[PDB]
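Notes follow the structure.
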Ligand SMILES: CCC[C@@H]1NC[C@@H](O)[C@H](O)[C@H]1C(=O)O
Ligand SMILES: CCC[C@@H]1NC[C@@H](O)[C@H](O)[C@H]1C(=O)O
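Residue numbers (the authors' numbering), protein chains in the order written: chain B, 1 to 195, 200 to 237, 245 to 366, 369 to 600; chain A, -2 to 366, 369 to 599.
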């Protein structure tokens, strides 16, 4: 499965915004089969957006259970001789959908599309009732995991183990799509460099021809057959190889953009086209002021303008798969992307407070075999749909897992190996949490380049930069000599509320963010193996409520409404001072 | 404790020495004692203001976090019309440890950080010439200090102070420095105690140490009309038909004790209020009438002076507490400046007086990083510690014994009573305090996690004081569970002890300006909702006779991932501006009848 693009392939975008929405507090929907009649006592909701914060209501915001969307649609008239298929680009956590009293789809996965042919349940020209049942619950076999808890009164409350807030709803595009009656499924392409080759595979209903055209889209070379190899002689050139499906009586044309993408890892260097690289940029989040994680074109354009100004050339889709629009953008603009799945919270050592969670991390009570297989499904879907993007430069299996407990490597080994089985073109990482240090972590052996999320001077060095530097440097050198891999610091940052200034350079002040980030920068400058720096969050984002979070995680370089803290000008001076992709040497 | 009264102005007087600008220098490698810096003018000094903490006067983190010895210094001309008089030099508070040189003669030494210390220094000065005062101030806390702490020395020998209380460990000379003159007939100490029956009439027994001669006393009126007279070094009973010290007003008679020697006279006026506090069952009586405490846990904390006393700050903060409807407060976590107990005396503010014994608990700090494993143990809270504590109670009671505003002593705040030996420690301290002053009740403020089924020592005290934070540190953000937990825990305390219950801390961190429609933690809306639910539960429990929200203003603390620039639990910002909840309380506290519990 890959993204619908239009040519003699058509669609009616159904991000019509306003659907009928209703909560299901007493779980009556399935039994009264609500999809059967117009929702009783509904309210208007926006459909590219989370349902949590759109109504300024704490009881919808913290709601756990089943919610219901509904929307009627007229199917276009020129589709009577076509297959009508219905695609949701992201339903966060779980979705099941009924096209007029007949059930059509079901899917467990919050950041990946799922589609299904409904041509035998539609006829072009008339109006059908679409009803969606969305679930936002997490158990130990979900990606990410969690524990629902039902109190004395029967009220559900969801507990989880990741920082960001558990936003849910229809966060991305809904889509009615038609394609000619022979070509259905997937295409895959792989690219090589010689210090200039390709490959093709199409799955459709008949003969296939493929022609690579360039940005002027004049044909630069053509083959036809499911496989073989053509050759050819800040932001990146994207050719376009146009694959055609000659068969039955109708032809089908699909355009797939390809970039000359190359890379594996070599010793201590993350090369690109046989070129050393330094990652600069951010751990991101899909989080905005009123839409939750809902995608929005304005926000995307503005935050790319911000990363462009600040000099970042890369980022990482922190803790879940992102809106594909962003990877198409990264394609055209030459942004380097670390693709991560929703597998966060595999750790019960991070929660901090005054408050019964399972005692053995890897076991049947928690992360079991079912968990490992749901995980492998998540990696499967992320690779299945982002495989042809040039901007995806590395896969990341999970984020900050607890690898101290027994059973950790028995769990993660088949996943690393299987993912290498899923695509050998790009490297494999697993971002490492602070407390599984160099002397302790179990799984770093299995990955190509190890990524570190370290916060010396914040969570563990009590605001004392002068010792934090020393600790961070030992640990740096230790990691490299233990694995002689490239080191990408994927998370590093401190909570700072915009407006707090202090002569004493204290924690939470803007001066402290500046000083802390630049001391980290000084040690980066001095160790061979660090090939990347991505600060911990570009903007402030929302989290669940707790004594550690003042209205959200304030570790951002920008505020939630995208206004710059002082450190935004620190980074801008450093990241645009170096030349592109090259690390500042030691002074 | 050692005899001591507030220097008050009679026909024998005092000259203020908080001239502010002293010479200050830190002693980074303890060269001070070795070179006895007290001998010559301080080498490489900078001007410091006295009184005020030294930490934030210079906007420099390396002085702020400094641990060790610091040096203050100042020359003084002693007035000559004082010849043939006893000259005494009193420091009202040098925070943690202080020792002082009158040029080259050392006169005093003290380890209590919030209580005065003086010494007769008449034989070391002669009136007319100017002598140099040198003070050595230490800001280190070990396990035998009140409060306790652990200094820890890194690889390089630099000290960093670790402690176990919330507020920041400010130091320096925080209060008045003062030379004062008295006639060679000593009125060293006075003690006054009050009784009443049915508000119609009774008496004030009396005791006095007057080292040098006969004593007569006259209790005078607000009109300074003589209403009774006594004779004798003790006894000194008289009976009245008085207008007695009441919370809303604070009527103060004046006990004028005179000390006639054969040639010299000495006159001391000591303000007295005729009040009787006690507890009966679940009621806290004052002049035989139940009372409802309203108000705050406070702090000595402001924006550039640290804990330095300041008159404007006192006047303005009393203006706010008065507006907001507060009738009481407690001197949270150390003895306060006596100026504030005089103020409360004159205006009828009721005060719960507390010692500096905080941090007797290693279960409160929360984070990701070596604290001792046994709280009560030889390495930690030890026998020396218990005598240090008993000494702290001795000084505080010795200094605030005759204040009508002081209505209760509090030995310590939030100790951990789970480990065995907590009761072994606190029992003799409770009993000793009871013999040092039987006039007022005894409390020990109770921590959230020594709940009613867990606490060990509450048996030993008269009034139960609770610090509760359901909905903040536990049940975070959930008002409906916090209400149930709080209500059954309150009822539980009542069933277990049938004492009066004062909620002495309850509050939530609130960022001024952070507003939210979702009533979530850290918003002003959450502060209002939270305090409001707590208020419904108080109103529904018989035994609760008091509410003091946790913190009047935001204050500074040690750095950590839980404190955003300090503790933000204040109703007011550090610069005294009101958050939204400030108007919630003002509506409650002036809505009720004065001193009466809201009838639900
Ligand atoms: C010490 C763990 C740090 C943690 N790392 C994972 C991110 O998802 C969180 O945002 C980050 C944080 O605490 O902000
Ligand atoms: C659960 C302990 C709460 C603690 N109680 C003592 C006060 O000195 C602190 O300020 C207060 C706080 O943490 O806000």
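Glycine included, each C-beta is placed from N, C-alpha and C at the ideal position.
Exercise. Examine ligand 2 and report whether any of its heavy atoms sits within less than 7 Å of the Cβ of residue 568 (chain A).
Key: Indeed, a heavy atom of ligand 2 lies less than 7 Å from the Cβ.
Self-check item: residue 529 (chain B) beta carbon near ligand 2 (any heavy atom closer than 7 Å)
Solution: no
Self-check item: residue 345 (chain A) vs residue 243 (chain A) beta-carbon contact at 8 Å
Solution: yes
Quiz prompt | Rounded straight-line distance, which links the Cα of residue 304 (chain A) to that of residue 574 (chain A) | solution = 14 Å
Quiz prompt | Beta carbon of residue 463 (chain B) nearer than 8 Å to that of residue 500 (chain B) | solution = yes
Quiz item: For ligand 2, is there a heavy atom less than 7 Å away from the beta-carbon of residue 504 (chain A)?
Solution: yes
Quiz item: Smallest Cα separation from residue 577 (chain A): which of A:527, A:544, A:531, A:537?
Solution: Nearest option by C-alpha distance: A:527.
Quiz item: Does residue 303 (chain A) get closer than 8 Å to chain B when you measure Cβ to Cβ?
Solution: no
Quiz item: Quick one: does residue 273 (chain B) have its CB under 8 Å from some CB of chain A?
Solution: no
Self-check item: Rounded distance between the beta-carbons of residue 436 (chain B) and residue 338 (chain B), thought under 8 Å
Solution: At roughly 15 Å, the Cβ-Cβ gap does not stay under 8 Å, so residue 338 (chain B) and residue 436 (chain B) are not in contact.
Quiz item: Among A:558, A:270, A:597, which has the Cα closest to the Cα of residue 160 (chain A)?
Solution: A:558
Quiz prompt | Helix, strand or coil at residue 204 (chain A) according to DSSP, with G and I counted as helix | solution = strand
Quiz item: When you check each C-beta in the segment 517 to 541 of chain A against every C-beta of chain B, which residues fall closer than 8 Å?
Solution: 517, 518, 519, 520, 521, 522
Quiz item: With 16 as the cutoff for other CB atoms within 10 Å, does residue 102 (chain A) come out buried or exposed?
Solution: By the 10 Å Cβ count, residue 102 (chain A) comes out exposed.
Exercise. Look up residue 213 (chain A) in the DSSP assignment and give the residues it is bridged to.
Key: A:228, A:255
Practice problem: Leaving out five residues on either side along the sequence, give the residues of the same chain with a beta carbon under 7 Å from the beta carbon of residue 459 (chain A). | Solution: 425, 426, 429
Quiz prompt | Completely contained beta strand (DSSP E) runs for the segment 84 to 155 of chain B, where each covers 3 or more residues | solution = 94 to 99, 102 to 108, 114 to 117, 127 to 135, 146 to 150
Practice problem: On a CA-only basis, which of A:13, A:545, A:592 is nearest residue 279 (chain A)? Give me that one, please. | Solution: A:545
Exercise. List the residues that DSSP assigns as beta-bridge partners of residue 135 (chain A).
Key: A:66, A:94
Quiz item: Could you check where the alpha helix (DSSP H) with residue 532 (chain A) kicks off and where it finishes?
Solution: 523 to 538
Quiz item: Considering residue 102 (chain A), what are the terminal residues of the beta strand (DSSP E) in which it resides?
Solution: Start and end: 102 to 107.
Self-check item: Selection from B:245, B:266, B:258 that minimises the alpha carbon distance to residue 252 (chain B)
Solution: B:266
Quiz item: Using a C-beta cutoff of 8 Å, does residue 518 (chain B) count as contacting chain A?
Solution: yes
Quiz item: Which residue comes first and which comes last in the alpha helix (DSSP H) that contains residue 525 (chain B)?
Solution: 523 to 539 is the span of the alpha helix (DSSP H), which, as asked, contains residue 525 (chain B).
Self-check item: residue 61 (chain A): contacting residues in chain B (beta-carbon distance under 7 Å)
Solution: Those within 7 Å of residue 61 (chain A) in chain B are 517.
Quiz prompt | Beta-carbon gap between residue 282 (chain A) and residue 288 (chain A) smaller than 8 Å | solution = Going by C-beta atoms, residue 282 (chain A) is nearer than 8 Å to residue 288 (chain A).
Exercise. Under 8 Å between beta-carbons, which chain A residues line up against residue 363 (chain B)? List them in chain order, please.
Key: Result: 363, 364, 365.
Quiz prompt | Distance cut-off 7 Å: residue 163 (chain A) Cβ against heavy atoms of ligand 2 | solution = yes
Practice problem: Take residue 588 (chain A) and list the residues in its own chain whose beta-carbon comes closer than 7 Å to its own, dropping the five residues that flank it on each side. | Solution: 291, 321, 322, 323
Quiz item: Taking Cβ-Cβ distances shorter than 9 Å, what residues in chain B pair up with residue 510 (chain A)?
Solution: 510, 563, 564
Practice problem: Buried or exposed for residue 453 (chain A), please, with buried defined as at least 16 other CB atoms from any protein chain shown within 10 angstroms of its CB. | Solution: exposed
Self-check item: Short-range partners of chain B found in the segment 224 to 252 of chain A, where Cβ spacing is below 9 Å
Solution: none
Quiz item: Does the segment 400 to 418 of chain B come close enough to the segment 348 to 358 of chain B to have 3 or more Cβ pairs within less than 8 Å?
Solution: yes
Quiz prompt | For residue 266 (chain B), three-class secondary structure by DSSP | solution = Residue 266 (chain B) carries a strand assignment under DSSP once its states are collapsed to helix, strand and coil.
Exercise. Look at the alpha carbon of residue 161 (chain B) and the alpha carbon of residue 360 (chain B), and state the distance between them as a whole number of angstroms.
Key: 9 Å
Quiz item: Using 8 Å as the Cβ pair cut-off and three pairs as the minimum, do the segment 165 to 178 of chain B and the segment 91 to 104 of chain B touch?
Solution: Under the three-pair Cβ rule at 8 Å, the segment 165 to 178 of chain B counts as touching the segment 91 to 104 of chain B.
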